[PDB]
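Shown next: coords-v1.pdb, given as PDB, C-alpha atoms.
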ATOM      1  CA  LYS A 433      -0.241  17.379  -0.538  1.00  0.00           C
ATOM      2  CA  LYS A 434       2.088  14.914   1.142  1.00  0.00           C
ATOM      3  CA  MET A 435       1.989  12.397  -1.747  1.00  0.00           C
ATOM      4  CA  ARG A 436       3.686  14.820  -4.094  1.00  0.00           C
ATOM      5  CA  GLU A 437       6.512  15.811  -1.766  1.00  0.00           C
ATOM      6  CA  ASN A 438       7.044  12.153  -0.836  1.00  0.00           C
ATOM      7  CA  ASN A 439       7.333  11.251  -4.527  1.00  0.00           C
ATOM      8  CA  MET A 440       4.741   8.487  -4.157  1.00  0.00           C
ATOM      9  CA  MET A 441       2.642   9.706  -7.092  1.00  0.00           C
ATOM     10  CA  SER A 442       3.052   9.359 -10.838  1.00  0.00           C
ATOM     11  CA  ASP A 443       3.732  12.502 -12.840  1.00  0.00           C
ATOM     12  CA  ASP A 444       0.823  11.833 -15.202  1.00  0.00           C
ATOM     13  CA  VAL A 445      -2.099  12.949 -13.026  1.00  0.00           C
ATOM     14  CA  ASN A 446      -3.032  16.609 -13.470  1.00  0.00           C
ATOM     15  CA  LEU A 447      -5.404  17.885 -10.827  1.00  0.00           C
ATOM     16  CA  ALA A 448      -7.413  20.196 -13.090  1.00  0.00           C
ATOM     17  CA  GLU A 449      -9.220  17.449 -14.984  1.00  0.00           C
ATOM     18  CA  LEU A 450     -10.047  15.692 -11.721  1.00  0.00           C
ATOM     19  CA  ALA A 451     -11.563  18.917 -10.430  1.00  0.00           C
ATOM     20  CA  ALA A 452     -13.478  19.130 -13.699  1.00  0.00           C
ATOM     21  CA  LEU A 453     -14.888  15.609 -13.551  1.00  0.00           C
ATOM     22  CA  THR A 454     -16.272  15.731 -10.014  1.00  0.00           C
ATOM     23  CA  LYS A 455     -19.305  17.902 -10.594  1.00  0.00           C
ATOM     24  CA  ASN A 456     -21.470  17.559  -7.480  1.00  0.00           C
ATOM     25  CA  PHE A 457     -18.925  15.968  -5.150  1.00  0.00           C
ATOM     26  CA  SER A 458     -19.102  17.382  -1.658  1.00  0.00           C
ATOM     27  CA  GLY A 459     -16.018  18.129   0.391  1.00  0.00           C
ATOM     28  CA  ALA A 460     -16.303  14.838   2.242  1.00  0.00           C
ATOM     29  CA  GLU A 461     -16.283  12.590  -0.833  1.00  0.00           C
ATOM     30  CA  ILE A 462     -12.874  13.515  -2.228  1.00  0.00           C
ATOM     31  CA  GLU A 463     -11.025  11.795   0.597  1.00  0.00           C
ATOM     32  CA  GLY A 464     -12.839   8.559  -0.155  1.00  0.00           C
ATOM     33  CA  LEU A 465     -11.720   8.917  -3.756  1.00  0.00           C
ATOM     34  CA  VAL A 466      -8.132   9.162  -2.541  1.00  0.00           C
ATOM     35  CA  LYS A 467      -8.690   6.089  -0.393  1.00  0.00           C
ATOM     36  CA  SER A 468     -10.062   4.008  -3.255  1.00  0.00           C
ATOM     37  CA  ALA A 469      -7.286   4.991  -5.664  1.00  0.00           C
ATOM     38  CA  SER A 470      -4.749   3.987  -3.042  1.00  0.00           C
ATOM     39  CA  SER A 471      -6.625   0.744  -2.442  1.00  0.00           C
ATOM     40  CA  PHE A 472      -6.347  -0.154  -6.103  1.00  0.00           C
ATOM     41  CA  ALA A 473      -2.631   0.556  -6.195  1.00  0.00           C
ATOM     42  CA  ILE A 474      -1.908  -1.376  -3.015  1.00  0.00           C
ATOM     43  CA  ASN A 475      -4.081  -4.349  -3.972  1.00  0.00           C
ATOM     44  CA  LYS A 476      -2.140  -4.518  -7.216  1.00  0.00           C
ATOM     45  CA  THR A 477       0.801  -5.648  -5.103  1.00  0.00           C
ATOM     46  CA  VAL A 478      -0.596  -7.873  -2.387  1.00  0.00           C
ATOM     47  CA  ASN A 479      -3.233  -9.853  -4.314  1.00  0.00           C
ATOM     48  CA  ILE A 480      -5.036 -10.865  -1.143  1.00  0.00           C
ATOM     49  CA  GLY A 481      -6.014 -14.517  -1.211  1.00  0.00           C
ATOM     50  CA  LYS A 482      -4.734 -16.775  -3.975  1.00  0.00           C
ATOM     51  CA  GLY A 483      -1.325 -15.381  -4.860  1.00  0.00           C
ATOM     52  CA  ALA A 484      -0.226 -14.600  -1.332  1.00  0.00           C
ATOM     53  CA  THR A 485       3.257 -13.951   0.064  1.00  0.00           C
ATOM     54  CA  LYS A 486       4.534 -11.941  -2.921  1.00  0.00           C
ATOM     55  CA  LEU A 487       5.440  -9.076  -0.569  1.00  0.00           C
ATOM     56  CA  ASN A 488       9.055  -8.034  -0.997  1.00  0.00           C
ATOM     57  CA  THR A 489      11.215  -4.934  -0.863  1.00  0.00           C
ATOM     58  CA  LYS A 490      11.407  -4.469  -4.637  1.00  0.00           C
ATOM     59  CA  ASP A 491       7.635  -4.308  -5.053  1.00  0.00           C
ATOM     60  CA  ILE A 492       7.043  -1.794  -2.270  1.00  0.00           C
ATOM     61  CA  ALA A 493      10.140   0.235  -3.131  1.00  0.00           C
ATOM     62  CA  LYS A 494       8.606   1.807  -6.260  1.00  0.00           C
ATOM     63  CA  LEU A 495       4.921   2.213  -5.417  1.00  0.00           C
ATOM     64  CA  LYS A 496       3.213   4.998  -7.353  1.00  0.00           C
ATOM     65  CA  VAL A 497      -0.443   5.762  -7.968  1.00  0.00           C
ATOM     66  CA  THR A 498      -1.600   6.097 -11.565  1.00  0.00           C
ATOM     67  CA  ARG A 499      -4.287   8.073 -13.347  1.00  0.00           C
ATOM     68  CA  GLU A 500      -6.239   5.001 -14.411  1.00  0.00           C
ATOM     69  CA  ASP A 501      -6.535   4.084 -10.744  1.00  0.00           C
ATOM     70  CA  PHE A 502      -8.491   7.304 -10.226  1.00  0.00           C
ATOM     71  CA  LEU A 503     -10.569   6.583 -13.306  1.00  0.00           C
ATOM     72  CA  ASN A 504     -11.342   3.144 -11.895  1.00  0.00           C
ATOM     73  CA  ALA A 505     -12.052   4.683  -8.497  1.00  0.00           C
ATOM     74  CA  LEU A 506     -14.800   6.851  -9.953  1.00  0.00           C
ATOM     75  CA  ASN A 507     -16.900   3.678 -10.267  1.00  0.00           C
ATOM     76  CA  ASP A 508     -16.965   3.019  -6.504  1.00  0.00           C
ATOM     77  CA  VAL A 509     -17.609   6.450  -5.001  1.00  0.00           C
ATOM     78  CA  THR A 510     -20.818   8.116  -6.168  1.00  0.00           C
ATOM     79  CA  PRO A 511     -22.220  11.602  -5.470  1.00  0.00           C
ATOM     80  CA  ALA A 512     -25.182  12.050  -3.165  1.00  0.00           C
ATOM     81  CA  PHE A 513     -26.600  15.334  -4.441  1.00  0.00           C
ATOM     82  CA  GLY A 514     -25.791  14.640  -8.082  1.00  0.00           C
ATOM     83  CA  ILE A 515     -28.450  11.952  -8.447  1.00  0.00           C
ATOM     84  CA  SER A 516     -30.928  13.633 -10.816  1.00  0.00           C
ATOM     85  CA  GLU A 517     -28.661  14.639 -13.690  1.00  0.00           C
ATOM     86  CA  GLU A 518     -28.071  10.909 -14.129  1.00  0.00           C
ATOM     87  CA  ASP A 519     -31.613  10.792 -15.460  1.00  0.00           C
ATOM     88  CA  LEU A 520     -30.690  13.504 -17.943  1.00  0.00           C
ATOM     89  CA  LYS A 521     -27.723  11.658 -19.369  1.00  0.00           C
ATOM     90  CA  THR A 522     -29.701   8.448 -19.626  1.00  0.00           C
ATOM     91  CA  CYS A 523     -32.531  10.251 -21.422  1.00  0.00           C
ATOM     92  CA  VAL A 524     -30.398  10.376 -24.578  1.00  0.00           C
ATOM     93  CA  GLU A 525     -29.202   6.778 -24.511  1.00  0.00           C
ATOM     94  CA  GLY A 526     -31.098   6.244 -27.765  1.00  0.00           C
ATOM     95  CA  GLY A 527     -28.542   8.535 -29.394  1.00  0.00           C
ATOM     96  CA  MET A 528     -28.976  11.654 -31.450  1.00  0.00           C
ATOM     97  CA  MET A 529     -29.086  11.902 -35.223  1.00  0.00           C
ATOM     98  CA  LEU A 530     -29.254  14.832 -37.613  1.00  0.00           C
ATOM     99  CA  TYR A 531     -31.462  13.364 -40.348  1.00  0.00           C
ATOM    100  CA  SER A 532     -32.976  16.833 -40.873  1.00  0.00           C
ATOM    101  CA  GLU A 533     -31.851  20.435 -41.001  1.00  0.00           C
ATOM    102  CA  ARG A 534     -34.616  21.402 -38.571  1.00  0.00           C
ATOM    103  CA  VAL A 535     -32.927  19.903 -35.512  1.00  0.00           C
ATOM    104  CA  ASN A 536     -29.865  22.089 -35.997  1.00  0.00           C
ATOM    105  CA  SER A 537     -31.952  25.255 -36.175  1.00  0.00           C
ATOM    106  CA  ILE A 538     -33.829  24.330 -33.009  1.00  0.00           C
ATOM    107  CA  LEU A 539     -30.650  23.518 -31.114  1.00  0.00           C
ATOM    108  CA  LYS A 540     -29.059  26.780 -32.215  1.00  0.00           C
ATOM    109  CA  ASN A 541     -32.091  28.755 -31.095  1.00  0.00           C
TER     110      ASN A 541
ATOM    111  CA  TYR B 107      12.313 -36.836  -3.108  1.00  0.00           C
ATOM    112  CA  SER B 108      12.292 -33.095  -3.752  1.00  0.00           C
ATOM    113  CA  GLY B 109      13.937 -33.279  -7.173  1.00  0.00           C
ATOM    114  CA  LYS B 110      14.730 -29.568  -7.571  1.00  0.00           C
ATOM    115  CA  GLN B 111      13.447 -27.538  -4.578  1.00  0.00           C
ATOM    116  CA  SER B 112      16.246 -28.502  -2.206  1.00  0.00           C
ATOM    117  CA  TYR B 113      16.847 -25.128  -0.501  1.00  0.00           C
ATOM    118  CA  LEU B 114      14.781 -22.843   1.717  1.00  0.00           C
ATOM    119  CA  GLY B 115      13.849 -19.643  -0.088  1.00  0.00           C
ATOM    120  CA  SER B 116      11.802 -18.064   2.688  1.00  0.00           C
ATOM    121  CA  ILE B 117      11.063 -19.521   6.117  1.00  0.00           C
ATOM    122  CA  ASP B 118       8.295 -18.420   8.487  1.00  0.00           C
ATOM    123  CA  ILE B 119       8.754 -19.180  12.172  1.00  0.00           C
ATOM    124  CA  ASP B 120       6.353 -18.585  15.058  1.00  0.00           C
ATOM    125  CA  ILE B 121       8.254 -17.399  18.128  1.00  0.00           C
ATOM    126  CA  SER B 122       6.849 -18.007  21.606  1.00  0.00           C
ATOM    127  CA  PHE B 123       8.109 -17.789  25.164  1.00  0.00           C
ATOM    128  CA  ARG B 124       8.951 -21.254  26.448  1.00  0.00           C
ATOM    129  CA  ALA B 125       8.263 -20.128  30.033  1.00  0.00           C
ATOM    130  CA  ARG B 126       5.390 -17.747  30.749  1.00  0.00           C
ATOM    131  CA  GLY B 127       7.063 -16.341  33.844  1.00  0.00           C
ATOM    132  CA  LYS B 128      10.180 -15.502  31.814  1.00  0.00           C
ATOM    133  CA  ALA B 129       8.505 -12.889  29.619  1.00  0.00           C
ATOM    134  CA  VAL B 130      10.932  -9.985  29.157  1.00  0.00           C
ATOM    135  CA  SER B 131      10.215  -6.728  27.338  1.00  0.00           C
ATOM    136  CA  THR B 132      13.510  -6.448  25.439  1.00  0.00           C
ATOM    137  CA  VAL B 133      13.279  -5.286  21.833  1.00  0.00           C
ATOM    138  CA  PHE B 134      14.398  -8.286  19.774  1.00  0.00           C
ATOM    139  CA  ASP B 135      16.236  -7.659  16.509  1.00  0.00           C
ATOM    140  CA  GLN B 136      14.961  -9.885  13.707  1.00  0.00           C
ATOM    141  CA  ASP B 137      18.319  -9.875  11.925  1.00  0.00           C
ATOM    142  CA  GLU B 138      20.099 -11.117  15.043  1.00  0.00           C
ATOM    143  CA  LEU B 139      17.460 -13.806  15.537  1.00  0.00           C
ATOM    144  CA  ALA B 140      17.892 -14.999  11.954  1.00  0.00           C
ATOM    145  CA  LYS B 141      21.658 -14.978  12.390  1.00  0.00           C
ATOM    146  CA  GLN B 142      21.263 -16.948  15.618  1.00  0.00           C
ATOM    147  CA  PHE B 143      19.088 -19.562  13.930  1.00  0.00           C
ATOM    148  CA  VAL B 144      21.513 -19.911  11.025  1.00  0.00           C
ATOM    149  CA  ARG B 145      24.676 -20.048  13.149  1.00  0.00           C
ATOM    150  CA  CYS B 146      23.151 -22.657  15.456  1.00  0.00           C
ATOM    151  CA  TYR B 147      21.382 -24.529  12.648  1.00  0.00           C
ATOM    152  CA  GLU B 148      22.853 -24.485   9.138  1.00  0.00           C
ATOM    153  CA  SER B 149      22.178 -26.644   6.077  1.00  0.00           C
ATOM    154  CA  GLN B 150      19.582 -28.544   8.106  1.00  0.00           C
ATOM    155  CA  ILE B 151      16.463 -30.028   6.547  1.00  0.00           C
ATOM    156  CA  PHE B 152      13.213 -28.555   7.813  1.00  0.00           C
ATOM    157  CA  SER B 153       9.507 -29.389   7.473  1.00  0.00           C
ATOM    158  CA  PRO B 154       6.264 -27.625   8.428  1.00  0.00           C
ATOM    159  CA  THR B 155       5.149 -28.179  12.037  1.00  0.00           C
ATOM    160  CA  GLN B 156       8.694 -29.133  13.054  1.00  0.00           C
ATOM    161  CA  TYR B 157       9.513 -27.722  16.489  1.00  0.00           C
ATOM    162  CA  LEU B 158      12.707 -26.332  17.978  1.00  0.00           C
ATOM    163  CA  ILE B 159      14.067 -24.911  21.239  1.00  0.00           C
ATOM    164  CA  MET B 160      16.111 -21.748  20.793  1.00  0.00           C
ATOM    165  CA  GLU B 161      18.576 -20.148  23.220  1.00  0.00           C
ATOM    166  CA  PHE B 162      19.102 -16.443  22.463  1.00  0.00           C
ATOM    167  CA  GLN B 163      21.018 -14.375  25.021  1.00  0.00           C
ATOM    168  CA  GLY B 164      20.075 -16.877  27.711  1.00  0.00           C
ATOM    169  CA  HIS B 165      16.375 -16.754  26.816  1.00  0.00           C
ATOM    170  CA  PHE B 166      14.656 -20.008  25.854  1.00  0.00           C
ATOM    171  CA  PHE B 167      11.977 -19.910  23.155  1.00  0.00           C
ATOM    172  CA  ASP B 168       9.808 -22.451  21.361  1.00  0.00           C
ATOM    173  CA  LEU B 169       9.940 -22.113  17.571  1.00  0.00           C
ATOM    174  CA  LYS B 170       7.285 -23.639  15.309  1.00  0.00           C
ATOM    175  CA  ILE B 171       7.871 -23.620  11.563  1.00  0.00           C
ATOM    176  CA  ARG B 172       4.397 -22.689  10.392  1.00  0.00           C
ATOM    177  CA  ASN B 173       5.041 -23.048   6.666  1.00  0.00           C
ATOM    178  CA  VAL B 174       7.957 -23.553   4.302  1.00  0.00           C
ATOM    179  CA  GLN B 175       8.838 -22.228   0.847  1.00  0.00           C
ATOM    180  CA  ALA B 176      11.165 -24.553  -1.065  1.00  0.00           C
ATOM    181  CA  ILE B 177      13.068 -23.222  -4.089  1.00  0.00           C
ATOM    182  CA  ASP B 178      15.836 -24.667  -6.262  1.00  0.00           C
ATOM    183  CA  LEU B 179      19.142 -22.893  -6.829  1.00  0.00           C
ATOM    184  CA  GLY B 180      19.061 -20.610  -9.855  1.00  0.00           C
ATOM    185  CA  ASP B 181      15.474 -19.398  -9.393  1.00  0.00           C
ATOM    186  CA  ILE B 182      15.775 -15.613  -9.615  1.00  0.00           C
ATOM    187  CA  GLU B 183      12.188 -15.021  -8.464  1.00  0.00           C
ATOM    188  CA  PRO B 184      10.306 -16.781  -5.617  1.00  0.00           C
ATOM    189  CA  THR B 185       7.510 -17.943  -7.909  1.00  0.00           C
ATOM    190  CA  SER B 186       7.174 -21.135  -5.851  1.00  0.00           C
ATOM    191  CA  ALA B 187       4.021 -21.320  -3.764  1.00  0.00           C
ATOM    192  CA  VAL B 188       4.557 -21.437  -0.014  1.00  0.00           C
ATOM    193  CA  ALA B 189       3.270 -24.861   1.034  1.00  0.00           C
ATOM    194  CA  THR B 190       1.495 -25.443   4.327  1.00  0.00           C
ATOM    195  CA  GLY B 191       1.624 -29.188   3.652  1.00  0.00           C
ATOM    196  CA  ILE B 192       4.178 -30.987   5.815  1.00  0.00           C
ATOM    197  CA  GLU B 193       5.549 -32.851   2.786  1.00  0.00           C
ATOM    198  CA  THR B 194       7.557 -29.883   1.531  1.00  0.00           C
ATOM    199  CA  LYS B 195      11.017 -29.740   3.097  1.00  0.00           C
ATOM    200  CA  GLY B 196      14.206 -27.891   2.366  1.00  0.00           C
ATOM    201  CA  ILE B 197      17.780 -27.194   3.389  1.00  0.00           C
ATOM    202  CA  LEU B 198      18.673 -23.996   5.198  1.00  0.00           C
ATOM    203  CA  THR B 199      20.882 -21.365   3.586  1.00  0.00           C
ATOM    204  CA  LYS B 200      22.359 -18.104   4.858  1.00  0.00           C
ATOM    205  CA  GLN B 201      20.021 -16.060   2.603  1.00  0.00           C
ATOM    206  CA  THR B 202      16.563 -17.409   3.480  1.00  0.00           C
ATOM    207  CA  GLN B 203      14.064 -14.637   4.179  1.00  0.00           C
ATOM    208  CA  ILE B 204      13.211 -15.423   7.795  1.00  0.00           C
ATOM    209  CA  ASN B 205       9.909 -13.957   8.979  1.00  0.00           C
ATOM    210  CA  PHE B 206       9.245 -14.253  12.709  1.00  0.00           C
ATOM    211  CA  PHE B 207       5.613 -14.158  13.848  1.00  0.00           C
ATOM    212  CA  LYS B 208       4.180 -13.682  17.322  1.00  0.00           C
ATOM    213  CA  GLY B 209       3.096 -16.857  19.050  1.00  0.00           C
ATOM    214  CA  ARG B 210      -0.489 -17.646  19.935  1.00  0.00           C
ATOM    215  CA  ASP B 211       0.242 -16.243  23.392  1.00  0.00           C
ATOM    216  CA  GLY B 212       1.633 -13.092  21.758  1.00  0.00           C
ATOM    217  CA  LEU B 213       4.160 -11.977  24.389  1.00  0.00           C
ATOM    218  CA  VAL B 214       7.356 -11.889  22.317  1.00  0.00           C
ATOM    219  CA  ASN B 215       8.180  -8.257  21.499  1.00  0.00           C
TER     220      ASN B 215
END
What is this file in structure tokens?
Amino acid sequence: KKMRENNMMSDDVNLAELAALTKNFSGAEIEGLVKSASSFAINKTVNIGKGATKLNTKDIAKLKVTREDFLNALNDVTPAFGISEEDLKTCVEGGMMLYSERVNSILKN
Amino acid sequence: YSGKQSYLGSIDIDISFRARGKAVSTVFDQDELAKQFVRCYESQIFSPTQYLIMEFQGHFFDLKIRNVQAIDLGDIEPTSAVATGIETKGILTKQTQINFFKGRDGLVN
């Protein structure tokens, strides 16, 4: 809520697709997602460790979160109830091929 | 000796109370402190671990240059690494970014 009115967020993110992606997320996971996305954006500036001391007004004066930060953030937070469908998507890692008509008929049925 | 980096781009100074019993809770303005340091000490060559005694509004403080960032005139960006090594020295200018840090005692407000 506050991000948008404080103009701290890029215009590219559309909430609908986010709501689509997060299948089995509970209510308490979304906030962590927000946290991680912010962490990526903020780390982009400070670069803790090696390249220290780059902090300056110009950098912090135009901070905005980006969609790819959310996409990256999906790799840190993981559902807790959505742990079994993972098996289902990995069951077809071998791929699917349509070498025969028959498969199409079966799938249609 | 320096070749090019003859000026102080940013300077970081640890501020401490000289006298423990003279701790006073006044809110100290960083800008005024920087101005005080420049007006009292201008175009002076400074090194890491160099010490100084500072008289601000009758209050006596011990100042310890923790690290120094030397930059040459004409450098738009502060790409220079801040050196903790005492070898790096530079000449004060009225535009150095002066960051004041609490002393080890941590009483300066």
Evaluate the ChimeraX specification (/A :<12) & /B and report residues as a list in words | residues 116, 117, 118, 173, 174, 175, 183, 184, 185, 186, 187, 188, 189, 203 and 205 of chain B
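Remark: for residue A:506, the closest of the candidate residues A:462, A:474, A:448, A:520 is A:462 (distances computed over only C-alpha atoms).
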For the provided coordinates, the residues matched by the PyMOL selection byres ((chain B and resi 155) around 7) should be stated as a short mmCIF file (atom, residue, chain, number, x, y, z; two decimals) with C-alpha atoms, in the coordinates of the input.
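Final output, result-v7.cif:
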data_model
loop_
_atom_site.label_atom_id
_atom_site.label_comp_id
_atom_site.auth_asym_id
_atom_site.auth_seq_id
_atom_site.Cartn_x
_atom_site.Cartn_y
_atom_site.Cartn_z
CA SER B 153 9.51 -29.39 7.47
CA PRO B 154 6.26 -27.62 8.43
CA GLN B 156 8.69 -29.13 13.05
CA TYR B 157 9.51 -27.72 16.49
CA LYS B 170 7.28 -23.64 15.31
CA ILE B 171 7.87 -23.62 11.56
CA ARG B 172 4.40 -22.69 10.39
CA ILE B 192 4.18 -30.99 5.82
#
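The two atoms in question, atom CA of residue B:159 and atom CA of residue B:124, are spaced 8.2 Å apart.
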Could you state the separation of atom CA of residue B:141 and atom CA of residue A:478 in Å, given to one decimal place?
->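 Here the two named atoms are 27.6 Å from each other.
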Explicit residues for the PyMOL selection byres ((chain A and resi 457) around 12) (as a PDB file with C-alpha atoms, keeping the file's coordinate frame):
ATOM      1  CA  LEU A 450     -10.047  15.692 -11.721  1.00  0.00           C
ATOM      2  CA  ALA A 451     -11.563  18.917 -10.430  1.00  0.00           C
ATOM      3  CA  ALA A 452     -13.478  19.130 -13.699  1.00  0.00           C
ATOM      4  CA  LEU A 453     -14.888  15.609 -13.551  1.00  0.00           C
ATOM      5  CA  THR A 454     -16.272  15.731 -10.014  1.00  0.00           C
ATOM      6  CA  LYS A 455     -19.305  17.902 -10.594  1.00  0.00           C
ATOM      7  CA  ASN A 456     -21.470  17.559  -7.480  1.00  0.00           C
ATOM      8  CA  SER A 458     -19.102  17.382  -1.658  1.00  0.00           C
ATOM      9  CA  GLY A 459     -16.018  18.129   0.391  1.00  0.00           C
ATOM     10  CA  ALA A 460     -16.303  14.838   2.242  1.00  0.00           C
ATOM     11  CA  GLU A 461     -16.283  12.590  -0.833  1.00  0.00           C
ATOM     12  CA  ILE A 462     -12.874  13.515  -2.228  1.00  0.00           C
ATOM     13  CA  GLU A 463     -11.025  11.795   0.597  1.00  0.00           C
ATOM     14  CA  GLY A 464     -12.839   8.559  -0.155  1.00  0.00           C
ATOM     15  CA  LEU A 465     -11.720   8.917  -3.756  1.00  0.00           C
ATOM     16  CA  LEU A 506     -14.800   6.851  -9.953  1.00  0.00           C
ATOM     17  CA  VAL A 509     -17.609   6.450  -5.001  1.00  0.00           C
ATOM     18  CA  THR A 510     -20.818   8.116  -6.168  1.00  0.00           C
ATOM     19  CA  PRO A 511     -22.220  11.602  -5.470  1.00  0.00           C
ATOM     20  CA  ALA A 512     -25.182  12.050  -3.165  1.00  0.00           C
ATOM     21  CA  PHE A 513     -26.600  15.334  -4.441  1.00  0.00           C
ATOM     22  CA  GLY A 514     -25.791  14.640  -8.082  1.00  0.00           C
ATOM     23  CA  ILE A 515     -28.450  11.952  -8.447  1.00  0.00           C
TER      24      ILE A 515
END
Write out as a count of residues only each polymer residue whose atoms come within 9 Å of stretch 471-473 of chain A, counting all atoms listed in the file; drop sequence neighbours fewer than 2 positions from it.
-> 15
Take atom CA of residue B:176 and atom CA of residue B:110 and report the distance between them in Å, one decimal.
->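 Atom CA of residue B:110 lies 9.0 Å from atom CA of residue B:176.
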Shell of 12 Å around residue B:131, all atoms listed in the file, local chain residues under 4 positions omitted, as a list in words =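 Answer for this query is residues 123, 165, 213, 214 and 215 of chain B.
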Export C-alpha atoms of the chosen residues as a PDB file, in the frame of the given file?
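And here is the file that came out, selection-v5.pdb:
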ATOM      1  CA  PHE B 123       8.109 -17.789  25.164  1.00  0.00           C
ATOM      2  CA  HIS B 165      16.375 -16.754  26.816  1.00  0.00           C
ATOM      3  CA  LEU B 213       4.160 -11.977  24.389  1.00  0.00           C
ATOM      4  CA  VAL B 214       7.356 -11.889  22.317  1.00  0.00           C
ATOM      5  CA  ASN B 215       8.180  -8.257  21.499  1.00  0.00           C
TER       6      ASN B 215
END
For the point (22.5, -13.5, 23.5) in the file's frame, write as a PyMOL selection string all residues with an atom no more than 10 Å away, counting all atoms listed in the file.
-> chain B and resi 138-139+142+161-165
Once 3 Å is added on each side, what are the centre and the three edge lengths, in Å to one decimal, of the axis-aligned box enclosing the listed atoms of stretch 487-500 of chain A? Present them as lines of an AutoDock Vina configuration file.
center_x = 2.6
center_y = -0.5
center_z = -7.5
size_x = 23.6
size_y = 23.1
size_z = 19.8
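Across B:167, B:113, B:152, B:134, the tightest approach to residue B:199 is made by B:113 when counting all atoms listed in the file.
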Which neighbours of stretch 435-437 of chain A fall inside 12 Å, counting all atoms listed in the file, when residues of the same chain fewer than 2 positions from it are skipped, and could you give them as a ChimeraX atom specification?
-> /A:433,439-447,466,470,495-497
Measuring atom to atom with only C-alpha atoms, identify which of B:126, B:140, B:151, B:120 is nearest to residue B:193.
-> B:151
Counting only C-alpha atoms, write as a PyMOL selection string all protein and nucleic acid residues lying at most 8 Å from (15.2, -30.9, -1.9) in the file's frame.
-> chain B and resi 107-113+176+178+195-197
